[PDB]
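Visitor: Pasting upload_21.csv here (CSV, C-alpha atoms):
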chain,number,residue,atom,x,y,z
H,1,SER,CA,-26.2,-17.2,41.8
H,2,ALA,CA,-23.2,-18.9,43.6
H,3,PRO,CA,-21.4,-16.4,45.9
H,4,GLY,CA,-17.8,-17.0,47.2
H,5,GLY,CA,-14.4,-15.9,46.0
H,6,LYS,CA,-13.7,-15.3,42.2
H,7,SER,CA,-10.3,-14.7,40.5
H,8,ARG,CA,-8.6,-14.8,37.1
H,9,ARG,CA,-10.7,-13.8,34.0
H,10,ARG,CA,-9.5,-10.1,33.9
H,11,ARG,CA,-12.3,-9.9,31.2
H,12,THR,CA,-15.7,-9.5,32.8
H,13,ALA,CA,-17.5,-6.9,35.0
H,14,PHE,CA,-14.9,-7.2,37.8
H,15,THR,CA,-11.4,-8.9,38.0
H,16,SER,CA,-9.7,-10.9,40.8
H,17,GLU,CA,-8.2,-7.7,42.1
H,18,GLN,CA,-11.4,-5.7,41.8
H,19,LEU,CA,-13.4,-8.5,43.6
H,20,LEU,CA,-10.7,-9.0,46.3
H,21,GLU,CA,-10.3,-5.4,47.4
H,22,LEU,CA,-14.1,-5.0,47.5
H,23,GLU,CA,-14.7,-7.9,49.9
H,24,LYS,CA,-11.7,-6.5,51.8
H,25,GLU,CA,-13.2,-3.0,52.5
H,26,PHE,CA,-16.8,-4.3,53.0
H,27,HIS,CA,-15.4,-6.3,55.9
H,28,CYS,CA,-14.3,-3.4,58.2
H,29,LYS,CA,-16.2,-0.4,56.9
H,30,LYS,CA,-20.0,-0.9,56.4
H,31,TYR,CA,-19.9,2.3,54.2
H,32,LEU,CA,-17.1,3.8,52.2
H,33,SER,CA,-16.8,7.5,52.6
H,34,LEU,CA,-16.4,9.9,49.7
H,35,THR,CA,-12.6,9.9,49.7
H,36,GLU,CA,-12.2,6.2,50.4
H,37,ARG,CA,-14.6,5.4,47.5
H,38,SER,CA,-12.7,7.8,45.2
H,39,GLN,CA,-9.3,6.2,46.2
H,40,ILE,CA,-10.6,2.6,45.6
H,41,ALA,CA,-12.0,3.8,42.2
H,42,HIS,CA,-8.5,5.0,41.1
H,43,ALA,CA,-6.8,1.7,42.1
H,44,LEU,CA,-9.5,-0.6,40.8
H,45,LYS,CA,-10.4,1.5,37.6
H,46,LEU,CA,-14.0,1.6,39.0
H,47,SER,CA,-16.2,4.6,39.5
H,48,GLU,CA,-18.0,5.9,42.6
H,49,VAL,CA,-21.4,4.5,41.3
H,50,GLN,CA,-19.9,1.1,40.4
H,51,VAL,CA,-18.3,0.8,43.8
H,52,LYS,CA,-21.5,2.0,45.6
H,53,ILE,CA,-23.6,-0.6,43.6
H,54,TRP,CA,-21.2,-3.5,44.4
H,55,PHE,CA,-21.1,-2.5,48.1
H,56,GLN,CA,-24.9,-1.9,48.2
H,57,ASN,CA,-25.5,-5.5,46.8
H,58,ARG,CA,-23.2,-7.0,49.4
H,59,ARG,CA,-24.8,-4.8,52.2
H,60,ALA,CA,-28.4,-5.7,51.3
H,61,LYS,CA,-28.0,-9.5,52.0
H,62,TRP,CA,-26.4,-8.6,55.3
H,63,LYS,CA,-29.7,-7.0,56.4
H,64,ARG,CA,-31.6,-10.3,56.0
H,65,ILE,CA,-28.8,-12.1,57.8
H,66,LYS,CA,-28.3,-9.7,60.8
H,67,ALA,CA,-32.0,-9.2,61.9
H,68,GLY,CA,-33.8,-11.2,59.2
H,69,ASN,CA,-35.0,-14.0,61.6
H,70,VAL,CA,-38.4,-12.4,61.5
H,71,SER,CA,-39.7,-15.2,59.2
For the file at hand, write its structure as structure tokens.
Guide:
Amino acid sequence: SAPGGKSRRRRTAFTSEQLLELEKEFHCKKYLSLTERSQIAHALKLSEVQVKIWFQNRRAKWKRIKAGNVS
């Protein structure tokens, strides 16, 4: 896949807004808390699992960046 920004559509798994707010709060917090995740779910019409899974995917690649110069 080709990571980066992504906006418009409003008709697939995530919108502009959904994708924007997500890369926002994965910048500062490495892990959303219970309340933060629930809050973001209300705004973004997502659910705590969907938010967890997006954030988990973003967080995984970071592990092979941060310390992954072991190959």
Visitor: Pick the closest to residue 22 in chain H from H:52, H:9, H:66, H:61: which is it, counting only C-alpha atoms?
Guide: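 Between H:52, H:9, H:66, H:61, the residue approaching residue 22 in chain H most closely is H:52.
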Visitor: Just to confirm, what's the straight-line distance from CA of residue 53 in chain H to CA of residue 21 in chain H in Å (one decimal)?
Guide: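 CA of residue 53 in chain H sits 14.6 Å away from CA of residue 21 in chain H.
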Visitor: At what distance in Å, to one decimal, does CA of residue 49 in chain H lie from CA of residue 11 in chain H?
Guide: 19.8 Å
Visitor: I'd like the interatomic distance between CA of residue 6 in chain H and CA of residue 39 in chain H, to a tenth of an Å.
Guide: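 A separation of 22.3 Å between them.
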Visitor: Which residue is closest to residue 13 in chain H? Choose from H:65, H:46, H:59, H:70 and count all atoms listed in the file.
Guide: H:46
Visitor: Between H:5, H:48, H:64, H:12, single out the one closest to residue 36 in chain H, counting all atoms listed in the file.
Guide: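 When distances to residue 36 in chain H are compared using all atoms listed in the file, the smallest one comes from H:48.
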Visitor: Can you tell me, as a list in words, what residues are no more than 10 Å from range 40-45 of chain H when counting all atoms listed in the file, ignoring any on the same chain fewer than 2 positions away?
Guide: residues 14, 15, 17, 18, 19, 21, 22, 25, 32, 35, 36, 37, 38, 47, 48, 49, 50 and 51 of chain H
Visitor: Taking into account only C-alpha atoms, which residue in the set H:63, H:1, H:71, H:57 is nearest to residue 23 in chain H?
Guide: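 Ranked by minimum distance to residue 23 in chain H, first place goes to H:57.
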Visitor: Counting only C-alpha atoms, what is within 10 Å of residue 30 in chain H, bar same-chain residues fewer than 6 positions away, as a PyMOL selection string?
Guide: chain H and resi 55-56+58-59
